[PDB]
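Heads up, the thing below is written out as structure tokens.
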Amino acid sequence: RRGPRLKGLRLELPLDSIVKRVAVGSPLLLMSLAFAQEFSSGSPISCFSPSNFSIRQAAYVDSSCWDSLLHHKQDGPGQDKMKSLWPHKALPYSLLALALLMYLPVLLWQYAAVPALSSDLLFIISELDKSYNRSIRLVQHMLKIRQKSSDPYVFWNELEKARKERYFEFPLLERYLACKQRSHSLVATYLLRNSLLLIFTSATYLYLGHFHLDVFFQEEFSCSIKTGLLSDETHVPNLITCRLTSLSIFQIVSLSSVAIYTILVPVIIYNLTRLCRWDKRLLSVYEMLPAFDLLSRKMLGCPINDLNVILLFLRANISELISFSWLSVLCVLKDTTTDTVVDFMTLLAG
Amino acid sequence: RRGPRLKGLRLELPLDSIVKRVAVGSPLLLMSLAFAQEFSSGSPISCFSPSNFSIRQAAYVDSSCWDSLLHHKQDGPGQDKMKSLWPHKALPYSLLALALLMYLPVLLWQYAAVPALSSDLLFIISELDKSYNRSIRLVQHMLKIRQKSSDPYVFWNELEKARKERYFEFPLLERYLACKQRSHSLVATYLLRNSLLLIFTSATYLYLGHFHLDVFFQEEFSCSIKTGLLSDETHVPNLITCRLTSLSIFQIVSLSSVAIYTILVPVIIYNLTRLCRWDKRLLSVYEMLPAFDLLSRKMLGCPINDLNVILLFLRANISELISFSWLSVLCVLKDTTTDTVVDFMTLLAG
Amino acid sequence: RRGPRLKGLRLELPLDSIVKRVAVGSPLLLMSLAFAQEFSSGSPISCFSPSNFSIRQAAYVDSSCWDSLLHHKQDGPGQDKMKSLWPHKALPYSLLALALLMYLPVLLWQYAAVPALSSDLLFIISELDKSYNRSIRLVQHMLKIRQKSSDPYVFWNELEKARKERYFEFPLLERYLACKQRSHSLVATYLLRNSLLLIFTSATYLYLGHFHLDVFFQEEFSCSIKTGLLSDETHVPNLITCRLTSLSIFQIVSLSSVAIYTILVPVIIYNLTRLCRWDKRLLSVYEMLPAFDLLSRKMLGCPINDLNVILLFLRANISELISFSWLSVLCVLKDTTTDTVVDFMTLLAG
Amino acid sequence: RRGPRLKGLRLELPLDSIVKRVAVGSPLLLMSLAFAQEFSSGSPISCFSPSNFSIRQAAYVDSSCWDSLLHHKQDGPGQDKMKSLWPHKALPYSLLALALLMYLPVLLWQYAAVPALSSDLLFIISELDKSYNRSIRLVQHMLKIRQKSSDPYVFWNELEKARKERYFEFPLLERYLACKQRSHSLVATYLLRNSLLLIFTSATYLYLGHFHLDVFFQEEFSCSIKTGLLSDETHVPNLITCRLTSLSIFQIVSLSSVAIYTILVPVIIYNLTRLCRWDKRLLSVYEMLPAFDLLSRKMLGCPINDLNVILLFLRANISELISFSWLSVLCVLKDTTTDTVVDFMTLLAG
Amino acid sequence: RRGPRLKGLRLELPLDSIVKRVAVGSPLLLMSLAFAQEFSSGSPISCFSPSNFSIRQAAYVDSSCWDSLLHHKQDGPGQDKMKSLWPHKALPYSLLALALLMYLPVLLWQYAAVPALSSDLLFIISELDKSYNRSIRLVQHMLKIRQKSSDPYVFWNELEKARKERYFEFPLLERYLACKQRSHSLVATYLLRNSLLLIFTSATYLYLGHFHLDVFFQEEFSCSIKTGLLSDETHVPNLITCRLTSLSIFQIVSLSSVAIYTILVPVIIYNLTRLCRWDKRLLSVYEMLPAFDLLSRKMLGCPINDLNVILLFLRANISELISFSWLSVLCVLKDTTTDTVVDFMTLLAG
Ligand SMILES: *[C@@H]1O[C@H](CO)[C@@H](O)[C@H](O)[C@H]1NC(C)=O
Ligand SMILES: *[C@@H]1O[C@H](CO)[C@@H](O)[C@H](O)[C@H]1NC(C)=O
Ligand SMILES: *[C@@H]1O[C@H](CO)[C@@H](O)[C@H](O)[C@H]1NC(C)=O
Ligand SMILES: *[C@@H]1O[C@H](CO)[C@@H](O)[C@H](O)[C@H]1NC(C)=O
Ligand SMILES: *[C@@H]1O[C@H](CO)[C@@H](O)[C@H](O)[C@H]1NC(C)=O
């Protein structure tokens, strides 16, 4: 029971998982599409060499014109003195670099803030289960006392007496939360991961703006082979002119990546903003019970605190641990009420 | 028992599962067929270049004419000044976009309304099994009292006394259903998912009506290569005329998608209408027992309510849980009768 | 025990399963063969273009003549003014449509009549095992009474007394069968599924008689390319004449499908006939036992009733459940008899 | 223990399993070899067309001459007016038909005689284990009386008394075997399956004798393309003459299939003959045991009875069930004897 | 414990398994290599046709010359009037035939001598474990008697008395072994399997000596195409002369197979000779314990008896069953001793 609970513990908020998967898979899918196009077309570019050229000579011209992009510029009939067509060649490599960059912050978070968070979460839930049991066991005596005397004054007095009984409030958790309220490691790692994601998105925007808009269309370009030693060969032409077939795929890939990351920006902004605000209905729900009372009194402090991230993970987990299904219904009963404690105790016993 | 039961709980209905599968598989199947045709034909189009052109020059003409669809229009000998043949090139990408759009509402529903619904279903069934056990436990005393006195007046009086005994009616369920009847999150998500499906179907209709009917046949088109820098090349022709071989596949894909989504429309309309009416024979069947009676008196309210969706999921689930295997036969016995309670109690005990 | 039993419950039948498998596998296998032939031949058709045509122009002619089947009708040199050769191109698509049509009634039956039948079978067998145990429990007292007095008059009197004892006859089963005898959902679904199978078989017959017999042989056909915008090109011929290589595969596929469905027709007719008659030796076998006696008195009514389908499934299942291996031997003993009950009781106890 | 025994029960004998496997594997393996040759050669036939013909025209001639086998006869330079070369084209299809035909009787046997045989076998073995236990339980008293009195007269008298005690002889088994001696379903299915196998073997012999010997060698054949519309084409030759490369593979396949089925004939003859004779040493072994004595006295009748098949499967199964390893040694002891019963009882107890 | 022992029983010896694997896999590996060479070379042979021949005509010549090996001889420039080059074509088929022939005796042995041997082995080991336990249980009394009186005369007298006690010597095993001494089925099957292996090895030697040495080198051969109907074709040459590329692979395959089977011959001879001699140190080791004494004194007759095979399998199995690790150490103690019995008894007790 315990071990399976530890394995099922969540250390990555459900919403951020989709962002991780998208930001790490989209460049990979685009790169796979680029490779598929490259291997389907046979040749990345095709050139219009004279009829005299044999098949081998034409293949040599194609290869030398396609491989001379990273090295020398090539100019089409709509451009200035020079235009750089290199991004056509360095597209899959840039996609690999972008995928690695996007995966890097995930690795940073996992290696830097998985173990402490796991330990804190497991310890807190282990304490909280028995804390809830101990809080519940007094409800029977509370109900008997209420039945004996119906006035509310005695009820409030006995509630105060139970609170002061010192049989609970777990001074361990009080000190632990007091210490955590000053810790900043988890918030630091979270904010750093989000900021890295945003910085890399801006970097991709800059890359696709500086190096892809200039040659976005660039239908054809006039290559040359005489730059090498074979300048005394009159057989070859001077300015063999040709084009590149994967231009449409390049344009698509670029636009698709831009759109995907524009979509992803606001999600990351919301994820970062989640820390600025303390986790409000649930707070009023859990304030009543002494077990959750201790951790609900810390909202006076600044929102940016390690406990805040721990609070987010507790809210994410407790939704499925099992301990949440009861107090929610109990507080729904309280809200509906103009008896409730007796019904809650009966349900818990059942 | 509880574990496997909560694993086996269904949260997507049986009928909507087929629609979800179809609306995401059909576009993928059509895309796979398009890619298979592309890689089987070797080239997407073939052009009738002069005999002087070598193999490499002919391949260059083919590639430049096939890649100049998204960029420039091409006109056949039956059209107006201009006709756009770009939908031929952007078919698989549009199919991918449509598949993602159709899959989006499923993800929205699963991320937005799976956990609350799961918790509500689990709590309701867990309480309902105990409610049924407690209710059936009193049939023995009912039988003894009925045997002692045969008149129906005493039977009715004792039935009222049992109802007022207060040993059941579970004030938890009463207040839970009262709260649910005002909630609108589940109905909102359901209606939003259905409306998204309808809107995306209409969008596909518009896309295939605007950008496929104009060039539905468009056998051939007249391409040109002189638009580039090689406008001084007298060797090449001026208006190389050629065609595209995947026209039949394009026409099929379009018609097939239109037919599939026309088929799917009415199913989604029925799914949306399901909420407009409360789930009648089963209602009369389950009204008798006190356990199901409590949720059977909420029919007065507006049909649109969170409880209605939960009612649908309970009806879908109880049909296989096991709890329904008895009351149906008991109410069949009641219908047959001009003793029945005794037979039902004996069957339950057995 | 109960779990594995309900997993092993059969809800299709041993015979109709083979028809279900064949009616879907045959079109799929034929389509796979057609695709294999298409990808092995490389070119679905080959045309006899002049020697002047280069390789690219010849490939263009092949593609344009093969793609102009579904759009225009081509004329062979043995025919009337015009003949339609489109079924050659639309063969695998028609096979896919036929496979989907064949699979549709199976899905209808599974989604429409699997759950009610499963529940009815489960309840009936669960009650019948206990009924058999209770019935056999009295054989000991019957044996003692028979041993005490050897005359047959007292034996018959005690048999009547046991029948009237009211310790069995399970009024639940009586009313359940009475209600079922009026139900018609299961018979309706069964008849609808079989009728859909027959209608689709007739539709395939019509399709292969209208659109395959006319062009069954159609060795060659005279194609044309000047219909496009190369009508002023004197280089091309006027009426390039050519043939299609997969003609034999087409002929085979057609004949094979016709034969397979002709074989399948009588099986479905027999499946429909199975409902018109109640299942006779087994009835005389099971009449004696009181538990089986109740369900054996309902044949006075029309054979077309919901209970009839449930009776068929009971006969199909009980053959392997275990509850049948004994009564068969007991009734074999009864037939062999000119003691038997004592031997049966001893065997059951052992 | 029981369930695993039921699963491990053999229902197809060990010898006929090899014939079943071979009669289906051989045609499938030959078909796979034919397809491998077809896809390795690239062209099923190659033709010697003039040098003027381009590559496309030569491929057209090849395809039209290879596809005109099933349609029109082709004559080689050693034949009469006409010879039919169709069997070259319809070889893999004929192999598929033969494989399906050979698989059909197996399916008939499995669907028609598996369940009754399984039920009879399981019932008989379940009764026989208890019968053997009861029979051996009396060996202790037999040994005691034999020790008390050494004369053989008292031994025989006590043997007769034990036989008449009526504590065994299981009247159930007697009546069951008496009923089975008249049943003919199992022998009918067995003989029908064997006769179907023999008939299909003879059919293959006829097919390979009528349609393969005539054109067994048929090196080359003179094709023609002018039969179509292009009879005014002076360019093409009149009687293009060519050959087929897979002739050796065809010859092999034919000879191999003939040899395999000639090998299989005698095995099936022996399988059929197995029923004509009752299974003798084992009968003398099992006659002594009272449990096996009952079925031993049933060979007075005709060997062709249902029990004969049941006897064959009992002999096949008991060899591994466990109930055979002891009585064989006991009867070996009896044969060696000029004490043995005491040793057998001690071994059984141990 | 028992069942796993039955599954782990060895029924094929450790040495003959390697011979089986080699003799069944070597031809398969050589066939795979031949097929790989065939599919890597593209054309099994290449011919030097004139320059006038187009590509299609050259391919036709290649195919017609390669396919005319099994039909007509081809003569090279070093040979007599005729030489047969067919073995080049039938090499993989001959390898398949050889593999099937080598696998046949294995199947014969497994189908004909696995069940009886398995039953005998399991029965013998089951009896022998109890025999060993019963024999060792008397060592305690033997030790007590030896301690009471130290003289060897009383020790020998008590040993004889224990041997005559009749509490062991298991007349079951005595009679079983006496019967087995006359059985010959197992030795017959073993000798037949070995003789089949030797005969098939000799057959391969004959096949490779008659049909491979004559044309072992045979670099080239002069083919002809005019033998058909194109004898009036002046365009074709008369005696197109060409070679075959897989000659080296053929030579290798042949030499490798010869070497492998020459290696395998002596191993099979040793396996056959194994039966001629009874298995000697172990015989003296087991001559002591009464459990193994019974089977040790059954060696007086001819070594070729059924028990001999049973003895071989017992020796092979007991090495790992567990029942041998003790008596070996006890007899080592006996050999080392000039005390040994006392030490062995103390070790057993410990
Ligand atoms: C074509 O070839 C000739 C001779 O090889 C050469 O003189 C001429 O320059 C070539 N054409 C071009 C455009 O270079
Ligand atoms: C064929 O080639 C010649 C010279 O290479 C050129 O003048 C002519 O225009 C070409 N014909 C076409 C139709 O392009
Ligand atoms: C053959 O080619 C020449 C020149 O390319 C052309 O004039 C003639 O029409 C062609 N033959 C046919 C049958 O079209
Ligand atoms: C070769 O081609 C010429 C012209 O294309 C034709 O007249 C002649 O008949 C052809 N040769 C044969 C054998 O058909
Ligand atoms: C070359 O071809 C011509 C005609 O195409 C033919 O007459 C001659 O015999 C061929 N050469 C040889 C060596 O056969």
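Here, A, B, ... name the chains of the structure tokens in the order displayed, residue numbers run from 1 inside each chain, and ligands are numbered from 1 in the same displayed order.
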
Residues of chain A within 12 Å of ligand 2: nearest atom pair and distance (Å, one decimal) for each, counting only C-alpha atoms and all ligand atoms, sorted by chain and number, as a tab-separated table?
```
residue	atom	partner	partner_atom_place_in_ligand_line	distance
A:50	CA	ligand 2	5 (O)	9.7
A:51	CA	ligand 2	5 (O)	8.3
A:52	CA	ligand 2	5 (O)	10.3
```

Okay, now the selection with N, CA and C atoms, as an mmCIF file, in the first residue's frame?
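So the final result, stored in result-v1.cif, reads:
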```cif
data_model
loop_
_atom_site.group_PDB
_atom_site.id
_atom_site.type_symbol
_atom_site.label_atom_id
_atom_site.label_comp_id
_atom_site.auth_asym_id
_atom_site.auth_seq_id
_atom_site.Cartn_x
_atom_site.Cartn_y
_atom_site.Cartn_z
ATOM 1 N N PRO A 50 23.807 21.825 -68.712
ATOM 2 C CA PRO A 50 23.627 21.679 -70.162
ATOM 3 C C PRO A 50 23.451 20.224 -70.568
ATOM 4 N N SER A 51 23.022 20.037 -71.817
ATOM 5 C CA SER A 51 22.781 18.690 -72.320
ATOM 6 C C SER A 51 24.084 17.923 -72.502
ATOM 7 N N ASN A 52 25.183 18.631 -72.773
ATOM 8 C CA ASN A 52 26.463 17.959 -72.964
ATOM 9 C C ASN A 52 26.874 17.178 -71.725
#
```

### Query
Once you count only C-alpha atoms and all ligand atoms, which residues end up within 6 Å of ligand 5, and could you hand them over as number ranges by chain?
E: 52, 235-237

### Task
Write out as an MDAnalysis selection string the residues lying within 10 Å of residue 208 of chain D, counting only C-alpha atoms and excluding same-chain residues fewer than 6 positions away.
chainID D and resid 87 202 214 216 254:255 257:258

Saved selection, atoms kept: N, CA and C atoms, as a short mmCIF file (atom, residue, chain, number, x, y, z; two decimals), in the first residue's frame:
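So the final result, stored in result-v8.cif, reads:
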```cif
data_model
loop_
_atom_site.label_atom_id
_atom_site.label_comp_id
_atom_site.auth_asym_id
_atom_site.auth_seq_id
_atom_site.Cartn_x
_atom_site.Cartn_y
_atom_site.Cartn_z
N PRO D 87 -1.10 -23.34 -67.25
CA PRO D 87 -0.70 -23.81 -65.91
C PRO D 87 0.51 -23.08 -65.35
N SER D 202 -5.92 -37.86 -55.06
CA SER D 202 -6.19 -38.32 -56.42
C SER D 202 -6.49 -37.15 -57.34
N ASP D 214 1.69 -32.39 -70.41
CA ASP D 214 1.65 -31.96 -71.80
C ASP D 214 2.66 -30.84 -72.06
N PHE D 216 5.16 -30.02 -69.86
CA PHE D 216 6.16 -30.15 -68.81
C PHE D 216 7.45 -29.43 -69.17
N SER D 254 6.19 -29.38 -59.40
CA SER D 254 5.28 -30.46 -59.77
C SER D 254 5.79 -31.81 -59.27
N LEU D 255 7.06 -32.13 -59.57
CA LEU D 255 7.60 -33.43 -59.18
C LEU D 255 7.61 -33.59 -57.66
N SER D 257 5.66 -32.14 -55.40
CA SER D 257 4.32 -32.36 -54.88
C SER D 257 3.86 -33.78 -55.14
N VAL D 258 4.12 -34.29 -56.35
CA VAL D 258 3.73 -35.67 -56.67
C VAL D 258 4.39 -36.64 -55.70
#
```

### Task
Would you list the contacts of residue 83 of chain E as a ChimeraX atom specification, taking every protein, DNA or RNA residue within 10 Å and counting only C-alpha atoms, but skipping same-chain residues closer than 5 positions in sequence?
/E:72-76,214-215,218,221

Could those residues be written to a file, using N, CA, C and O atoms, as a PDB file, in the first residue's frame?
```
ATOM      1  N   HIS E  72      19.970 -29.304 -71.175  1.00  0.00           N
ATOM      2  CA  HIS E  72      20.982 -29.681 -72.151  1.00  0.00           C
ATOM      3  C   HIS E  72      22.369 -29.397 -71.595  1.00  0.00           C
ATOM      4  O   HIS E  72      22.567 -28.454 -70.823  1.00  0.00           O
ATOM      5  N   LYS E  73      23.328 -30.224 -71.997  1.00  0.00           N
ATOM      6  CA  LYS E  73      24.707 -30.062 -71.564  1.00  0.00           C
ATOM      7  C   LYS E  73      25.342 -28.846 -72.234  1.00  0.00           C
ATOM      8  O   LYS E  73      24.879 -28.359 -73.268  1.00  0.00           O
ATOM      9  N   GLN E  74      26.417 -28.354 -71.620  1.00  0.00           N
ATOM     10  CA  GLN E  74      27.190 -27.245 -72.165  1.00  0.00           C
ATOM     11  C   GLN E  74      28.668 -27.578 -72.044  1.00  0.00           C
ATOM     12  O   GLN E  74      29.117 -28.040 -70.992  1.00  0.00           O
ATOM     13  N   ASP E  75      29.421 -27.333 -73.114  1.00  0.00           N
ATOM     14  CA  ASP E  75      30.797 -27.794 -73.234  1.00  0.00           C
ATOM     15  C   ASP E  75      31.765 -26.621 -73.148  1.00  0.00           C
ATOM     16  O   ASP E  75      31.597 -25.619 -73.848  1.00  0.00           O
ATOM     17  N   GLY E  76      32.780 -26.759 -72.296  1.00  0.00           N
ATOM     18  CA  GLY E  76      33.830 -25.776 -72.177  1.00  0.00           C
ATOM     19  C   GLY E  76      35.054 -26.161 -72.986  1.00  0.00           C
ATOM     20  O   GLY E  76      35.123 -27.250 -73.563  1.00  0.00           O
ATOM     21  N   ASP E 214      33.678 -33.836 -61.524  1.00  0.00           N
ATOM     22  CA  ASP E 214      33.812 -33.717 -62.973  1.00  0.00           C
ATOM     23  C   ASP E 214      33.798 -32.259 -63.411  1.00  0.00           C
ATOM     24  O   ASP E 214      34.574 -31.857 -64.285  1.00  0.00           O
ATOM     25  N   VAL E 215      32.928 -31.451 -62.808  1.00  0.00           N
ATOM     26  CA  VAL E 215      32.771 -30.051 -63.185  1.00  0.00           C
ATOM     27  C   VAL E 215      33.179 -29.167 -62.017  1.00  0.00           C
ATOM     28  O   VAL E 215      32.604 -28.095 -61.806  1.00  0.00           O
ATOM     29  N   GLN E 218      35.485 -26.057 -64.186  1.00  0.00           N
ATOM     30  CA  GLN E 218      34.558 -25.684 -65.252  1.00  0.00           C
ATOM     31  C   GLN E 218      34.303 -24.182 -65.310  1.00  0.00           C
ATOM     32  O   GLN E 218      33.162 -23.743 -65.133  1.00  0.00           O
ATOM     33  N   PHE E 221      31.503 -22.010 -70.131  1.00  0.00           N
ATOM     34  CA  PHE E 221      30.852 -22.982 -70.996  1.00  0.00           C
ATOM     35  C   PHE E 221      30.205 -22.250 -72.161  1.00  0.00           C
ATOM     36  O   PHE E 221      29.748 -21.113 -72.021  1.00  0.00           O
TER      37      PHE E 221
END
```

### residue 312 of chain D environment, 12 Å, only C-alpha atoms, sequence neighbours closer than 4 positions dropped, as number ranges by chain
D: 10-14, 117, 121, 186-187, 190, 271, 274-279, 282, 303, 305-308, 316-319

### Using only C-alpha atoms and all ligand atoms: which of E:219, E:174, E:233, E:151 has the shortest distance to ligand 4
E:233

### Message
Using only C-alpha atoms and a distance of at most 7 Å, pull out the residues of chain D that contact chain C, as a PyMOL selection string.
### Response
chain D and resi 53-54+57+60+63+67+172+175+229

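Shell of residue 297 of chain C at 12 Å, with only C-alpha atoms counted and residues fewer than 2 places along the chain excluded, is residues 174, 177, 178, 181, 278, 283, 284, 286, 287, 288, 290, 291, 292, 293, 294, 295, 299, 300 and 301 of chain C.
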
#### Entry: Secondary structure check, strand (DSSP E or B) residues of segment 128-271 of chain D, as a PyMOL selection string
chain D and resi 220-222+241-244

Can you write out the residues you just picked, keeping C-alpha atoms, as a PDB file, in the first residue's frame?
```pdb
ATOM      1  CA  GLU D 220       9.824 -21.504 -75.631  1.00  0.00           C
ATOM      2  CA  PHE D 221       6.601 -20.304 -77.218  1.00  0.00           C
ATOM      3  CA  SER D 222       5.842 -17.966 -80.116  1.00  0.00           C
ATOM      4  CA  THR D 241       9.053 -15.511 -80.121  1.00  0.00           C
ATOM      5  CA  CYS D 242      10.152 -15.971 -76.530  1.00  0.00           C
ATOM      6  CA  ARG D 243      10.483 -18.224 -73.506  1.00  0.00           C
ATOM      7  CA  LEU D 244       9.774 -18.426 -69.777  1.00  0.00           C
TER       8      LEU D 244
END
```

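When only C-alpha atoms and all ligand atoms are used to compute distances to ligand 4, the closest of the residues E:157, E:273, E:234, E:262 turns out to be E:234.
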
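Among the candidate residues A:256, A:195, A:328, A:238, the one lying nearest to ligand 1 is A:238, with distances computed using only C-alpha atoms and all ligand atoms.
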
### Query
Out of segment 242-305 of chain A, which residues get alpha helix (DSSP H) from DSSP, as number ranges by chain?
A: 247-273, 281-287, 290-296

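If you look at atom CA of residue 199 of chain C and atom CA of residue 32 of chain C, they are 24.8 Å away from each other.
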